[PDB]
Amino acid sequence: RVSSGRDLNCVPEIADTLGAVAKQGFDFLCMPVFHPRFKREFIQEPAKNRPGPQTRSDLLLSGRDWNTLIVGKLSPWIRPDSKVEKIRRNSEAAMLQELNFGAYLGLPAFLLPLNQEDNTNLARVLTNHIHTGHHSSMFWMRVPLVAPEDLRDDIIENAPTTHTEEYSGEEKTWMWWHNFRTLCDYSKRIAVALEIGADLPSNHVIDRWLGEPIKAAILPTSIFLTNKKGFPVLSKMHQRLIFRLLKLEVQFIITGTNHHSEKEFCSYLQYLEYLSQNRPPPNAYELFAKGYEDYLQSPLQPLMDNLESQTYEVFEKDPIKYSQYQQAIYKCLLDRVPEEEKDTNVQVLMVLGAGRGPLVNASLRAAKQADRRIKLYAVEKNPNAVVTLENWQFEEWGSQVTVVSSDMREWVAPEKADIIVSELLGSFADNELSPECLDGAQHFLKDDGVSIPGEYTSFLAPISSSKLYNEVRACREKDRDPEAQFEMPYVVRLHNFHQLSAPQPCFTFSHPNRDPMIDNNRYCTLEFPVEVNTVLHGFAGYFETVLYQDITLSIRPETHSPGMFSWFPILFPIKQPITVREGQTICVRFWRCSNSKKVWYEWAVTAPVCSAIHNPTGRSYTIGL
């Protein structure tokens, strides 16, 4: 199903008009709150004293209908940024008036136009309306993909259309929006209703709108081609956009007179629902992360915190991860136990942070798979989970498994270990402090001992999403730094966003760590070639680990382990968004810092411009030891 609406600048009888669009199958109506041609005077007599009513009564519809079925429209005559004083003054009062009426009616959204570069006074007037009471009603800015001046036919002799190359010029429509939105201090209520024309721009220009808050897409009747059978259809490339737009889950709005007069306006809408259902279906991942898109969560800390039962439940809900683990251990055993030594030699396998023992069962299956003999210690500091292990051990595992209720850093092991197995990784790999935990337990691994996982590596990529930037901004909480939100990472299924460059590795860690002096503190400098004009809003985090040899796990999209939903990506926000221009390199600096007590990340952008160093001294965010 597609949420779809009808835009009209002509409504004679609101009752009949709304009826029609319902029968035609439209979920909502975009229509004028005052007659589009009904200009109003506020300052100069006598026309200021024009007898009312000034527009049609709220009584003509149910409040419910006003709240759900109607999207308001600013009158086209209202031009707040006019060079003529008297027009700006009347346009100011008219905009307020019309905007206040939408509020009075409880309209769910109100359409405003960005058809020129200077909508400064328009931004200023709306801003006031927004700061006049606190309401949720959305404002859709009608901004065309392609400016109307760059769409005009080359039919003026003396004023010919410029066909010269215009990279930045062909993106002038986004800067219109960017500036308006910026003046209005990135208010959650101001979103984009993107208008599409017959001539699409370059993927380039379409690429500008990736992270932008697009609540609606407006499709004129004009852009629709005619199928053999006279049916409204669309270009393949027009269609690529619609599929793109469907992933962003925008509402669709049909504007203009029905040029396919044979068939009803359900003809146009039929096409969209046709394309909607004809989209390729959602993979497990797409299905798994169905509610979680651009939904910010704090990263888990299973060291300083004791995880809840249902937390482990969803850890365990990913079979691919444990199949990978079984395989790594399967392979490792065969590499350490020759078939001559199978029955004479039994390996000492220690699961460190066993939770409810999914890695214990994997270790067991791996041994029955490798027909080799294994001894198991399940070491777990969470005593709530230690309960689950002991019930498993008693009822099932038997004396083959020795449950150890201890921190791996403290535990004095009876005997040293052939292999150590661990799940101590987060969306940025080292963020749960696997390095420190495994470094502490390292001493009770044999000199020839193996660590599964052997190695892990964080990756970072710059991103643009004004959506998520504002989500972080809104995470401000009383009785803390007002900007603490910006100085902390968030695990999130990034969705409405743009990767500005290729992921590069950040921090790498190897277990065991042979270094004479072991330091898990890291300073990394990274340089991101950017080939588009954009605005940096933060850095997306991913990781890869090597369980054993070729067996690996990745949330890095390029190498992403397929069907594995065990980790969403991490996000490092920045306080102030940074404009980046095509060709420019983004230089970021990441530090992993440590106490006796705590570990944290500090980050800075040095190019194209310097940022503040974020999370200095872990003031805003730290990870417990």
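Throughout, rigid core stands for the largest set of C-alpha atoms superposing within 1.5 Å between the two forms. A residue's number is simply how far along the shown sequence it sits, counting from 1.
Looking at 140 to 148 and 407 to 415, the one farther from the shown form in 6 other deposited structures of this protein by average CA distance, after a rigid core fit, turns out to be 407 to 415.
Taken in 6 other deposited structures of this protein and fitted on the core, 128 to 136 and 172 to 180 differ in how far their Cα atoms move from the shown form, and the one that moves more is 128 to 136. Mean CA B-factor, 213 to 221 versus 277 to 285: the higher value falls on 277 to 285. When the two stretches 380 to 388 and 341 to 349 are set side by side, the higher mean Cα temperature factor goes to 341 to 349. Annotation for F497, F459, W177, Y268: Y268 ranks highest, by Cα B-factor. Annotation for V472, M488, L246, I156: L246 ranks highest, by Cα B-factor. When the modelled residues of the chain are ordered by their C-alpha B factor, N258 lands in the highest third. In the PDB entry, a CA B factor belonging to the middle third of its chain's modelled residues is recorded for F528. In the deposited entry, the Cα temperature factor of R592 sits in the bottom third of values across the chain's modelled residues. Among all modelled residues in its chain, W77 ranks in the lowest third by Cα B-factor. Placement of the Cα temperature factor of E41 within the chain: middle third of the modelled residues, per the deposited record.
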